[PDB]
Trainee: 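Next up is a structure, given as structure tokens.
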Amino acid sequence: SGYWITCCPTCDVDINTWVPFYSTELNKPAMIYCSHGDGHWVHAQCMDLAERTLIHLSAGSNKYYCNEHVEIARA
Amino acid sequence: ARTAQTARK
Ligand SMILES: [Zn+2]
Ligand SMILES: [Zn+2]
């Protein structure tokens, strides 16, 4: 799949316009794995994750569910 | 959670 998917219906990451946002980014967008179903990758920026939240997510073993799937996971 | 591009430079 990769860094340049359309990760969700409102995805705003584009290989033709992307620039760094998070302090950990250089040339590629930060991504996080959503554990819904078979699993899929989303761009952290498209989820509106703050840098602090993203770093905490990356440092732990808790599963993440993206904005489209978290309501289903908590039901 | 698994992530990409979250390592401190
Ligand atoms: Zn996206
Ligand atoms: Zn998801």
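Only this structure's heavy atoms are used, side chains among them; waters, hydrogens and symmetry mates stay out. Order of the sequence lines fixes the chain letters, A, B, ..., with proteins taken first and strands second; residue numbering starts at 1 for each chain. As the structure lists them, so they are numbered: ligands from 1, and atoms in each ligand from 1.
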Trainee: Look at A:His36 and state whether any of its N, O or S atoms is less than 2.8 Å from the Zn ion (ligand 2).
Mentor: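 No, since none of the N, O or S atoms of A:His36 sits under 2.8 Å from the Zn ion (ligand 2).
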Trainee: Within a strict 4.5 Å, meaning less than it, do heavy atoms of the A:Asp12 and A:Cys46 side chains meet?
Mentor: yes
Trainee: Tell me whether A:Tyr3 contacts the main-chain N or O of A:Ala30 through its side chain, where contact means a donor paired with an acceptor under 3.5 Å.
Mentor: no
Trainee: Is the Zn ion (ligand 2) under 2.8 Å from any N, O or S atom of A:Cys8?
Mentor: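 No, outside the cut-off.
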Trainee: Please name the atom of A:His69, limited to N, O or S, that comes nearest to the Zn ion (ligand 2).
Mentor: ND1
Trainee: Quick one: which of A:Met47, A:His36, A:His43 gives a side chain to side chain contact (heavy atoms under 4.5 Å, CB included) with A:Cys66?
Mentor: A:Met47
Trainee: Kindly give the atom name of the N, O or S atom of A:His43 closest to the Zn ion (ligand 1).
Mentor: ND1
Trainee: If you take all heavy atoms of B:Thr3 and A:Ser58, which pair is closest and at what distance?
Mentor: OG1-CB, 3.3 Å
Trainee: Using 2.8 Å as the threshold, say whether any N, O or S atom from A:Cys7 sits that close to the Zn ion (ligand 1).
Mentor: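 True for A:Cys7.
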Trainee: With heavy-atom distances below 4.5 Å as the criterion, would you say the side chains of A:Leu54 and B:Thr6 are in contact?
Mentor: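 Side chain of A:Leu54 against side chain of B:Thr6, heavy atoms only: contact under 4.5 Å found.
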Trainee: Round to 10° and report the angle made at the Zn ion (ligand 2) by SG of A:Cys34 and NE2 of A:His40.
Mentor: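 It comes to 100°.
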